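To start, the structure itself, in structure tokens.
A note on names: the letters A, B, ... follow the listed sequences, proteins ahead of strands, and every chain is numbered from 1.
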Amino acid sequence: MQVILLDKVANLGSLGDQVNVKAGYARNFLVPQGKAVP
Amino acid sequence: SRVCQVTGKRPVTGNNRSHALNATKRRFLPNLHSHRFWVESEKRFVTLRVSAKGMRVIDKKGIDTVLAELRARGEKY
Amino acid sequence: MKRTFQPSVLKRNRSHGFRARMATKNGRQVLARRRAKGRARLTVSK
RNA sequence: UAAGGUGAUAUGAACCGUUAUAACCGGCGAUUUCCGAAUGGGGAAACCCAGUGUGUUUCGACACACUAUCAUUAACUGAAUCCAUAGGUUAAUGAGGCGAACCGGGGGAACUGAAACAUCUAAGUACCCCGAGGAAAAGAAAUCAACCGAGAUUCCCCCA
RNA sequence: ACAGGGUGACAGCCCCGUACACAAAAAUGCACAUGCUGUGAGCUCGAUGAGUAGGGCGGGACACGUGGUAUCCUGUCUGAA
RNA sequence: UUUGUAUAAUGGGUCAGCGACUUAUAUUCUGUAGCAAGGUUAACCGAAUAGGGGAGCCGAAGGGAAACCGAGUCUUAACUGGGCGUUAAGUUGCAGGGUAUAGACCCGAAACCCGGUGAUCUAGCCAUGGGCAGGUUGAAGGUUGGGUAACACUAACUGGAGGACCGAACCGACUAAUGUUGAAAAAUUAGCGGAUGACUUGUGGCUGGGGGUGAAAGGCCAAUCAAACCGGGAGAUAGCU
RNA sequence: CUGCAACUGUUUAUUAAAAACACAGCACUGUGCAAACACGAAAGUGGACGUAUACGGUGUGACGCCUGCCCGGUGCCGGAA
RNA sequence: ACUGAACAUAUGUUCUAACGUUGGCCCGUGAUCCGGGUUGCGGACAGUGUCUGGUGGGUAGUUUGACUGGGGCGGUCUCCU
Ligand SMILES: [K+]
Ligand SMILES: [K+]
Ligand SMILES: [K+]
Ligand SMILES: [K+]
Ligand SMILES: [K+]
Ligand SMILES: [K+]
Ligand SMILES: [K+]
Ligand SMILES: [K+]
Ligand SMILES: [K+]
Ligand SMILES: [K+]
Ligand SMILES: [K+]
Ligand SMILES: [K+]
Ligand SMILES: [K+]
Ligand SMILES: [K+]
Ligand SMILES: [K+]
Ligand SMILES: [K+]
Ligand SMILES: [K+]
Ligand SMILES: [K+]
Ligand SMILES: [K+]
Ligand SMILES: [K+]
Ligand SMILES: [K+]
Ligand SMILES: [K+]
Ligand SMILES: [K+]
Ligand SMILES: [K+]
Ligand SMILES: [K+]
Ligand SMILES: [K+]
Ligand SMILES: [K+]
Ligand SMILES: [K+]
Ligand SMILES: [Mg+2]
Ligand SMILES: [Mg+2]
Ligand SMILES: [Mg+2]
Ligand SMILES: [Mg+2]
Ligand SMILES: [Mg+2]
Ligand SMILES: [Mg+2]
Ligand SMILES: [Mg+2]
Ligand SMILES: [Mg+2]
Ligand SMILES: [Mg+2]
Ligand SMILES: [Mg+2]
Ligand SMILES: [Mg+2]
Ligand SMILES: [Mg+2]
Ligand SMILES: [Mg+2]
Ligand SMILES: [Mg+2]
Ligand SMILES: [Mg+2]
Ligand SMILES: [Mg+2]
Ligand SMILES: [Mg+2]
Ligand SMILES: [Mg+2]
Ligand SMILES: [Mg+2]
Ligand SMILES: [Mg+2]
Ligand SMILES: [Mg+2]
Ligand SMILES: [Mg+2]
Ligand SMILES: [Mg+2]
Ligand SMILES: [Mg+2]
Ligand SMILES: [Mg+2]
Ligand SMILES: [Mg+2]
Ligand SMILES: [Mg+2]
Ligand SMILES: [Mg+2]
Ligand SMILES: [Mg+2]
Ligand SMILES: [Mg+2]
Ligand SMILES: [Mg+2]
Ligand SMILES: [Mg+2]
Ligand SMILES: [Mg+2]
Ligand SMILES: [Mg+2]
Ligand SMILES: [Mg+2]
Ligand SMILES: [Mg+2]
């Protein structure tokens with residue numbers, strides 16, 4: 001799943017970076033926390 | 001009922017077939033799971049009973065778009 | 001000797017009466033069949 | 001429309017009528033107990049028991065009308081929890097039940113045949129379920145054809 | 001008008017009918033005519049259906065039993081232009 | 001029905017009425033009629049048993065797996081060969097014989113499957129009520145006296161235990177006789193077992209058919225049980241009578 | 001005098017009441033609780049408002065004296081290089 | 001597949017955010033259901049779907065020849081002299 005980061009996430013990247021994460025990581029953590037978006 | 005709220009997937013019947021081609025009736029069930037979805041717009045979690053396939057659809061179309069389709073079909077959540 | 005039919009009106013009505021028949025779809029099918037055939041007496045109900 | 005008649009058993013009793021409110025026939029109305037989806041609650045169908053509001057009262061009581069559920073919409077209200085949402089209340093609109101066949105869909109046998117029997121058959125038949133209509137369903141080519149062409153669906157006769 | 005029924009036996013002319021010609025205060029069906037309200041046709045410029053087609057696995061429907069087996073449907077896992 | 005029946009093998013008390021080779025479509029053969037190298041139309045149109053409609057079907061050519069060739073063709077490198085063909089009768093009705101598919105001459109299983117109806121009988125359980133004349137026996141415990149360092153132990157009284165005893169009601173059902181087209185589709189008579197209990201009984205409730213329930217007999221589940229009853233698949237199938 | 005069953009019970013409604021079934025007692029075994037197990041496409045419910053001195057399954061069948069040898073076969077339990 | 005993240009060397013440990021909870025408390029609420037909330041405990045395990053090997057009289061459909069001095073048992077079943 002391709003996501004756009006809205007925050008500095010460790011071993012991933014910084015704000016405004018497109019990165020490919022496992023869907024579960026995005027779906028269940030990054031997005032609901034607000035650390036990323038699609 | 002074992003029905004996916006997103007896709008409408010439900011149990012379908014078919015056969016088991018032996019090596020000797022004996023047919024016995026069986027069902028194929030959808031891969032259903034209850035999942036809490038974060039609805040960013042409404043600042044809340046919504047629980048849907050969805051197939052794994054339905055979860056891929058939600059990823060692609062977004063939950064807001066999918067919830068609209070549910071409201072159109074008149075399926076509560 | 002004690003025979004099989006031992007009447008109780010309460011039991012009769014509860015087992016076979018109109019309201020027992022109306023309680024289930026199969027009971028309602030009994031009434032439909034009996035109406036269709038044109039029975040004078042639909043049930044044991046008196 | 002009429003000289004007879006008030007349905008029959010059915011005899012008579014009391015009557016009605018004969019030139020047009022006798023009767024009879026047709027259109028439109030009125031009345032339409034109780035049970036039954038049955039819907040105010042309940043219930044062993046044709047019964048038991050209410051609430052609310054209007055009146056009325058000779059203070060004994062009486063009459064009438066409302067009062068189901070669910071869906072949808074709207075309004076108002078409203079938790080945990082700050083917003084909110086869930087929930088709650090009221091209103092409006094609709095639904096439910098029945099029905100011989102025909103129709104679409106969800107499920108779906110076995111006997112039987114195969115001279116046994118398991119693939120296969122019977123048969124997607126019987127049957128159960130849901131839905132719908134006067135019909136239903138199907139339908140306007142990501143279809144065929146064969147280098148020529150045809151031009152949605154359905155039904156009938158061929159092809160066989 | 002000899003369809004038919006009835007009448008004390010098997011009736012064209014006894015009765016009721018039949019052929020044929022007529023009929024509606026009222027309600028109502030249908031076909032045309034015409035008021036009114038809603039309706040957007042036509043033209044121009046665009047747009048052209050994605051968890052989809054296709055695929056793997058398991059089944060099903062196609063006359064076709066998976067077979068060398070096309071095409072269709074999809075429970076499961078994927079996935080274009 | 002049989003090799004064979006007066007047979008003491010089967011069936012029929014008698015009479016009257018009813019009761020078994022059908023129907024549809026396809027196919028082949030025979031008869032018959034029409035037309036004839038042709039014959040005939042289907043659906044449909046038509047008010048038309050007419051007429052239209054020749055889409056088709058059968059026939060006038062076969063040989064070869066086939067391409068293909070064609071009064072020939074196949075086989076073979078090729079036939080002196082050999083196989084199948086070549087000498088005009090077909091076709092459409094109508095009637096009939098047979099075959100095919102259908103219940104297919106009629107009647108008849110035991111069964112299988114599907115949907116319902118049943119626990120008013122009975123099995124188990126659940127709740128709530130009731131019943132058990134009369135007579136016996138005499139557990140534990142206790143008291144008092146004896147006895148012990150204190151216990152222990154011991155006699156009498158008291159006490160009232162028990163799937164305890166005898167025996168009616170009540171519940172059963174061991175024996176015999178009777179009855180066996182019964183008084184009765186399970187009883188009567190004389191005896192018999194239990195009878196304060198793992199007892200018995202009333203009322204209501206729950207469990208449902210490959211299911212229940214079973215102190216277990218395949219017992220019982222409405223006089224029905226190695227798979228209830230009713231309706232349906234259904235005219236199952238029957239190389240048998 | 002003796003067989004069988006310890007005993008009271010239970011059973012083939014309608015040809016069997018028994019030596020059959022049950023039984024207290026015994027043993028093996030499963031089960032740590034959302035228990036095993038059972039009914040149920042499921043939700044649930046029984047087990048149990050119990051908790052290993054408990055619950056389920058299996059065999060044996062009061063009590064007395066006892067219950068020998070065999071783990072090759074079949075099962076079960078355990079190991080895993 | 002639902003199903004994620006670190007770290008060390010496919011395997012382990014740690015983590016929380018999916019998921020579970022038949023722990024506690026709060027609310028809907030007059031409620032041992034259910035849902036929501038808060039929190040704890042488990043935690044990418046468990047569990048469910050599809051696929052797959054094993055096991056599987058627990059259940060189902062069936063099969064289990066003929067001759068024969070009755071049947072069974074025995075013998076025989078095709079070919080040659
Ligand atoms: K009513
Ligand atoms: K079969
Ligand atoms: K056969
Ligand atoms: K057979
Ligand atoms: K005469
Ligand atoms: K006449
Ligand atoms: K796909
Ligand atoms: K004979
Ligand atoms: K005889
Ligand atoms: K014929
Ligand atoms: K002929
Ligand atoms: K030749
Ligand atoms: K001829
Ligand atoms: K026949
Ligand atoms: K009772
Ligand atoms: K049965
Ligand atoms: K019965
Ligand atoms: K003895
Ligand atoms: K003994
Ligand atoms: K006895
Ligand atoms: K027994
Ligand atoms: K051994
Ligand atoms: K062993
Ligand atoms: K939690
Ligand atoms: K897992
Ligand atoms: K088995
Ligand atoms: K012989
Ligand atoms: K002999
Ligand atoms: Mg009511
Ligand atoms: Mg009422
Ligand atoms: Mg009441
Ligand atoms: Mg057969
Ligand atoms: Mg209508
Ligand atoms: Mg339509
Ligand atoms: Mg006469
Ligand atoms: Mg395609
Ligand atoms: Mg596909
Ligand atoms: Mg393909
Ligand atoms: Mg496939
Ligand atoms: Mg003889
Ligand atoms: Mg003779
Ligand atoms: Mg004689
Ligand atoms: Mg004779
Ligand atoms: Mg005979
Ligand atoms: Mg005779
Ligand atoms: Mg030819
Ligand atoms: Mg006693
Ligand atoms: Mg008895
Ligand atoms: Mg007696
Ligand atoms: Mg006694
Ligand atoms: Mg036996
Ligand atoms: Mg019986
Ligand atoms: Mg059976
Ligand atoms: Mg049949
Ligand atoms: Mg028959
Ligand atoms: Mg002896
Ligand atoms: Mg005994
Ligand atoms: Mg005894
Ligand atoms: Mg007996
Ligand atoms: Mg006896
Ligand atoms: Mg024993
Ligand atoms: Mg078997
Ligand atoms: Mg069979
Ligand atoms: Mg033989």
Side-chain angles (χ1 to χ4, degrees), chain A residues 1 3 9-12 19-36 38, chain B residues 1-4 6-39 41-62 65-67 69 71-77, chain C residues 1-38 41-46:
Chain A
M1 182 171 175
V3 291
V9 182
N11 299 298
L12 203 64
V19 62
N20 187 62
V21 295
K22 287 178 177 291
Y25 191 23
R27 182 188 305 120
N28 299 315
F29 187 67
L30 296 171
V31 167
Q33 288 291 352
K35 295 181 174 67
Chain B
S1 300
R2 292 182 180 105
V3 180
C4 176
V6 174
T7 65
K9 280 170 173 293
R10 64 192 307 119
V12 305
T13 64
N15 291 315
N16 302 296
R17 288 278 182 179
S18 70
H19 183 263
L21 276 52
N22 307 109
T24 52
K25 282 284 194 173
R26 64 168 292 180
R27 310 170 85 203
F28 292 89
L29 305 189
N31 188 9
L32 294 176
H33 300 278
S34 199
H35 187 91
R36 289 166 46 245
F37 291 99
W38 181 245
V39 188
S41 300
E42 299 180 0
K43 301 267 60 175
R44 56 183 282 234
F45 286 100
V46 171
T47 296
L48 294 174
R49 195 176 182 188
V50 293
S51 50
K53 179 82 154 192
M55 207 168 293
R56 297 183 65 240
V57 169
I58 285 169
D59 294 357
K60 173 165 180 168
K61 288 191 176 181
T65 309
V66 166
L67 289 175
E69 293 175 359
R71 288 195 300 286
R73 286 188 285 113
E75 192 174 8
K76 297 186 179 69
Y77 54 87
Chain C
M1 306 161 65
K2 186 181 182 186
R3 297 298 182 191
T4 57
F5 185 47
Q6 297 300 320
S8 158
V9 174
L10 180 55
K11 287 171 77 172
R12 188 168 186 68
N13 289 339
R14 281 181 179 176
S15 301
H16 307 302
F18 180 83
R19 294 180 58 73
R21 295 279 188 238
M22 290 298 290
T24 63
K25 78 90 177 173
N26 289 313
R28 294 189 288 279
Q29 283 173 2
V30 168
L31 300 181
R33 288 193 300 265
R34 291 181 73 81
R35 285 191 180 103
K37 189 173 190 196
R41 293 186 286 290
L42 273 191
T43 67
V44 300
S45 296
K46 289 294 193 71

| Any side-chain N or O of B:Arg10 less than 4.0 Å from the OP1 or OP2 oxygen of D:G106? | no
| task | Supply the atom-to-atom distance A:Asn28 CG to A:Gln33 CD, rounded to the nearest 0.5 angstrom. | result | 11.0 Å
| Within a strict 4.5 Å, meaning less than it, do heavy atoms of the B:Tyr77 and B:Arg71 side chains meet? | yes
| Which ranges of RNA chain G pair up as stems, where a stem means three or more consecutive Watson-Crick or G-U pairs with both distances under 3.5 Å? | G:25-31 with G:54-60, G:37-39 with G:44-46
| query | Is any side-chain heavy atom of B:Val6 less than 4.5 Å from a side-chain heavy atom of B:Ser51? | reply | no
| field | Contact under 4.0 Å: C:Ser15 side-chain N or O vs F:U120 OP1/OP2 | value | no
| Counting only Watson-Crick or G-U wobble pairs whose two distances fall under 3.5 Å, which nucleotide matches H:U55? | none
| field | Side chain of B:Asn22 (C-beta onward), nearest among E:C77, D:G108, D:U119 | value | D:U119
| message | Between F:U1 and F:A110, do both key distances fall under 3.5 Å for a Watson-Crick or G-U wobble pair? | response | no
| CG of B:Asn15 versus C1' of E:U74: gap in Å, rounded? | 15 Å
| field | Donor-acceptor pair present, B:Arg44 side chain and D:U85 base, under 3.5 Å | value | no
| With a 3.5 Å cut-off on both distances, are H:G4 and H:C15 a Watson-Crick or G-U wobble pair? | yes
| field | Neighbours of RNA chain D within residues 24-32 of chain B, by heavy-atom distance under 4.0 Å | value | B:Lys25
| task | Tell me whether the sugar of F:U207 sits north or south, going by the sign of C1'-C2'-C3'-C4' (positive is north, negative is south). | result | north
| query | For F:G17, which nucleotide in any strand shown is its Watson-Crick or wobble partner with both distances under 3.5 Å? | reply | none
| request: Determine: side-chain N/O of B:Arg36 to OP1/OP2 of H:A18, distance under 4.0 Å, yes or no. | output: yes
| field | Torsion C1'-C2'-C3'-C4' of D:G12, interpreted as north if positive, south if negative | value | south
| request: Provide, to the nearest angstrom, the distance between the CG atom belonging to C:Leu31 and the P atom belonging to D:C35. | output: 18 Å
| said: Stacking check, if you would: do E:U66 and E:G65 have six-membered base rings whose centres lie under 5.5 Å apart and whose planes meet at under 30 degrees? | reply: no
| field | Options E:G60, F:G204, F:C121, nucleotide nearest the side-chain atoms of C:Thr4 | value | F:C121
| Does any non-hydrogen side-chain atom of A:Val3 lie less than 4.5 Å from one of A:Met1? | yes
| query | Given D:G99, E:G51, D:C129, which nucleotide is nearest the side-chain atoms of B:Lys53? | reply | E:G51
| said: So, does C:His16 get its side chain near the phosphate of F:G118, meaning an N or O under 4.0 Å from OP1 or OP2? | reply: yes
| query | In residues 19-28 of chain C, which ones come under 4.0 Å of RNA chain D, going by heavy atoms? | reply | C:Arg19, C:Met22, C:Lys25
| query | For the helix from F:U23-F:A102 to F:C35-F:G90, how many degrees between its two end axes (five pairs per end), to the nearest 10°? | reply | 20°
| task | Taking only the side-chain heavy atoms of C:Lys11 (C-beta and beyond), determine which of D:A44, H:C2, F:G205 contains the nearest atom. | result | F:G205
Check nucleotides 54-64 of chain H for protein N or O atoms closer than 3.5 Å to its own N or O atoms and list the pairs.
none

Donor-acceptor pairs are to be reported for all side-chain atoms of residues 12-31 of chain B against protein atoms at under 3.5 Å, with residues two or more places apart or in another chain.
from	atom 1	to	atom 2	distance (Å)
B:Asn16	ND2	B:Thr24	OG1	3.2
B:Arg17	NH1	B:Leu21	O	3.0
B:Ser18	OG	B:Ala20	N	3.1
B:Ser18	OG	B:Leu21	N	3.1
B:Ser18	OG	B:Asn22	N	3.0
B:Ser18	OG	B:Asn22	OD1	2.8
B:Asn31	OD1	B:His33	NE2	2.7

| task | Mind telling me the pucker class of G:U8, north or south, from the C1'-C2'-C3'-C4' torsion? | result | north
| Phosphate OP1/OP2 of D:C129 contacted by C:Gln29 side-chain N/O (<4.0 Å) | yes
| Does the F:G51 / F:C121 combination count as a Watson-Crick or G-U wobble pair, both distances under 3.5 Å? | no
| message | Students often get this wrong, so: under 4.0 angstrom with heavy atoms, is B:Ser18 touching a base, only sugar-phosphate, or nothing? | response | nothing
Would you mind writing out the side-chain donor-acceptor pairs for residues 16-27 of chain C within the sub-3.5 Å range, not counting sequence neighbours?
from	atom 1	to	atom 2	distance (Å)
C:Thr24	OG1	C:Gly27	N	3.1

| So what does B:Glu42 hit on the nucleic acid, given a heavy-atom distance under 4.0 Å: a base, only sugar-phosphate, or nothing? | nothing
Side-chain donor-acceptor pairs under 3.5 Å in residues 7-14 of chain C, sequence neighbours left out?
from	atom 1	to	atom 2	distance (Å)
C:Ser8	OG	C:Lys11	N	3.2

| field | By ring pair (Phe, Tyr, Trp, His ring centres under 6.0 Å) - contacts of B:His35 (at least two apart) | value | B:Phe37
| query | Which nucleotide in the set E:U52, E:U78, E:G59 lies at the smallest distance from any side-chain heavy atom of B:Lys60? | reply | E:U52
| Got A:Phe29 and A:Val9 here, is their nearest side-chain heavy-atom distance under 4.5 Å? | no
| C1'-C2'-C3'-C4' based pucker assignment for D:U9 | north
| field | Any strand: nucleotide that pairs with F:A236 via Watson-Crick or wobble, under 3.5 Å | value | none
| query | Does E:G58 have a Watson-Crick or wobble mate here (both distances under 3.5 Å), and if so which one? | reply | E:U74
Between the protein and nucleotides 69-74 of chain D, which nitrogen or oxygen pairs come in under 3.5 angstrom?
from	atom 1	to	atom 2	distance (Å)
D:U72	OP1	B:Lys76	NZ	3.3

| Ring pucker hemisphere for D:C130, per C1'-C2'-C3'-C4' torsion | north
| Residue-phosphate contact under 4.0 Å: B:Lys9 side-chain N/O, H:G49 OP1/OP2 | no
| said: Which residues in residues 21-32 of chain A have a heavy atom closer than 4.0 Å to any atom of RNA chain D? | reply: none
| Under 4.0 angstrom, heavy atoms only, what part of the nucleic acid is B:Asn16 near: base, sugar-phosphate, or nothing? | nothing
| query | Quick one: stems for RNA chain D, with Watson-Crick or G-U pairs under 3.5 Å, at least three in a row? | reply | D:4-6 with D:14-16, D:40-42 with D:47-49, D:50-56 with D:61-67, D:69-77 with D:87-95, D:103-107 with D:127-131
| message | Over all strands shown, is C:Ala32 touching base, sugar-phosphate only, or nothing at heavy-atom distances under 4.0 angstrom? | response | sugar-phosphate
| message | Strictly by Watson-Crick or wobble contacts shorter than 3.5 Å, is anything paired with F:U10, and which nucleotide is it? | response | none
| request: Answer yes if H:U13 and H:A6 form a Watson-Crick or G-U wobble pair with both distances under 3.5 Å, and no otherwise. | output: yes
| Using a cut-off of less than 4.0 Å, is there contact between a side-chain N or O of B:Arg56 and OP1 or OP2 of H:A1? | no
| request: Assign each of A:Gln33 and B:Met55 to its nearest nucleotide of RNA chain H by heavy atoms, then name whichever residue's nucleotide is nearer the 5' end. | output: B:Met55
| With respect to the phosphate group of E:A50, does any side-chain polar atom (N or O) of B:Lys61 fall under 4.0 Å of OP1 or OP2? | no
| query | Of all the nucleotides listed (H:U48, F:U120, D:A44), which has the minimum atom distance to the side chain of C:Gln6? | reply | F:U120
| Side chains of C:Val30 and C:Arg34: closer than 4.5 Å at any heavy-atom pair? | yes
| Opposite nucleotide pairing with F:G191, Watson-Crick or G-U, both atom distances under 3.5 Å | F:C174
| When rounded to the nearest Å, what value does the distance between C1' atoms of G:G47 and G:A24 take? | 24 Å
| message | With a 3.5 Å limit on both atom pairs, tell me what F:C206 is paired to, counting Watson-Crick and G-U wobble, or say none. | response | F:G124
| note | Across every strand shown, the nucleotide meeting Watson-Crick or G-U wobble geometry with F:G4 (both distances under 3.5 Å) is none
